[PDB]
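With mmCIF, C-alpha atoms inside, this is query_29.cif:
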```cif
data_input
#
loop_
_atom_site.label_atom_id
_atom_site.label_comp_id
_atom_site.auth_asym_id
_atom_site.auth_seq_id
_atom_site.Cartn_x
_atom_site.Cartn_y
_atom_site.Cartn_z
CA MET A 1 8.64 -4.57 -13.17
CA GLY A 2 6.66 -2.21 -10.96
CA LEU A 3 5.88 -1.92 -7.28
CA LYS A 4 6.41 -5.39 -5.87
CA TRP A 5 4.49 -6.83 -2.90
CA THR A 6 7.66 -7.74 -0.99
CA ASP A 7 8.90 -4.21 -1.64
CA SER A 8 6.29 -2.87 0.74
CA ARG A 9 8.37 0.12 1.85
CA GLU A 10 8.57 1.67 -1.62
CA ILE A 11 4.82 1.12 -1.82
CA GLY A 12 4.23 2.60 1.62
CA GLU A 13 6.16 5.69 0.60
CA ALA A 14 4.23 5.71 -2.69
CA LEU A 15 0.96 5.71 -0.79
CA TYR A 16 2.02 8.46 1.61
CA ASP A 17 3.48 10.39 -1.32
CA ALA A 18 0.26 10.30 -3.33
CA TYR A 19 -2.08 10.26 -0.33
CA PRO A 20 -0.57 12.33 2.54
CA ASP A 21 -4.08 13.59 3.18
CA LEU A 22 -5.28 10.14 4.18
CA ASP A 23 -4.88 8.60 7.62
CA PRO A 24 -3.46 5.04 7.44
CA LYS A 25 -5.35 4.11 10.61
CA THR A 26 -8.72 4.58 8.93
CA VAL A 27 -7.36 2.83 5.84
CA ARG A 28 -8.15 -0.89 5.84
CA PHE A 29 -6.51 -3.59 3.70
CA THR A 30 -9.41 -3.49 1.26
CA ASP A 31 -9.23 0.28 0.74
CA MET A 32 -5.45 0.23 0.43
CA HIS A 33 -5.53 -2.63 -2.09
CA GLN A 34 -7.94 -0.59 -4.21
CA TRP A 35 -5.55 2.32 -4.55
CA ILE A 36 -2.38 0.22 -4.66
CA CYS A 37 -3.89 -1.88 -7.47
CA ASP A 38 -5.02 1.38 -9.08
CA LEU A 39 -1.41 2.56 -9.14
CA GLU A 40 -0.07 2.90 -12.67
CA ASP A 41 3.40 2.04 -11.36
CA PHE A 42 2.07 -1.08 -9.64
CA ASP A 43 3.14 -4.19 -11.54
CA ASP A 44 3.48 -7.58 -9.87
CA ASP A 45 0.41 -9.72 -9.12
CA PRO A 46 -3.05 -8.17 -8.52
CA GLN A 47 -4.40 -11.32 -6.84
CA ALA A 48 -1.57 -12.51 -4.55
CA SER A 49 -2.29 -9.74 -2.12
CA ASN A 50 -1.86 -11.90 0.98
CA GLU A 51 -3.09 -10.27 4.21
CA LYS A 52 0.40 -9.79 5.64
CA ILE A 53 1.41 -8.38 2.26
CA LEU A 54 -1.18 -5.63 2.57
CA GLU A 55 -0.51 -5.39 6.31
CA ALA A 56 3.19 -4.69 5.75
CA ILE A 57 2.25 -1.90 3.35
CA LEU A 58 -0.33 -0.55 5.79
CA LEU A 59 2.16 -0.66 8.67
CA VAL A 60 4.82 1.16 6.65
CA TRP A 61 2.21 3.74 5.63
CA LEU A 62 1.58 4.26 9.35
CA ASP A 63 5.34 4.58 9.82
CA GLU A 64 5.76 7.16 7.06
CA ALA A 65 2.58 9.15 7.70
CA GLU A 66 3.23 9.70 11.40
#
```

Please rewrite the model in this file as structure tokens.
Amino acid sequence: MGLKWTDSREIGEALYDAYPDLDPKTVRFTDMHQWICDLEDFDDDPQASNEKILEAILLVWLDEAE
């Protein structure tokens, strides 16, 4: 039981927490999925990263970062 796809907010905060130096506008779904799948705390499904799944996480990263 780690970071879950539906739990995009906790993930968004995780991303901004670990990567406050990175701008979520320049971060694409691909790039984000690399780091989010690289997360040691991440534990759900590495393949079911639906676009809107990654998008929700990207959008919340935008929300937190700015």

Q. Given the file above and the PyMOL selection byres ((chain A and resi 13-27) around 10), which residues are selected, and can you give them as a ChimeraX atom specification?
A. /A:3,8-12,28-33,35-36,39,41-42,57-66

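Note that the spacing between atom CA of residue 40 of chain A and atom CA of residue 56 of chain A amounts to 20.2 Å.
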
Q.
Evaluate the PyMOL selection byres ((chain A and resi 47) around 12) against this structure - the residues, as a list in words, please.
A. residues 5, 33, 34, 36, 37, 43, 44, 45, 46, 48, 49, 50, 51, 53 and 54 of chain A
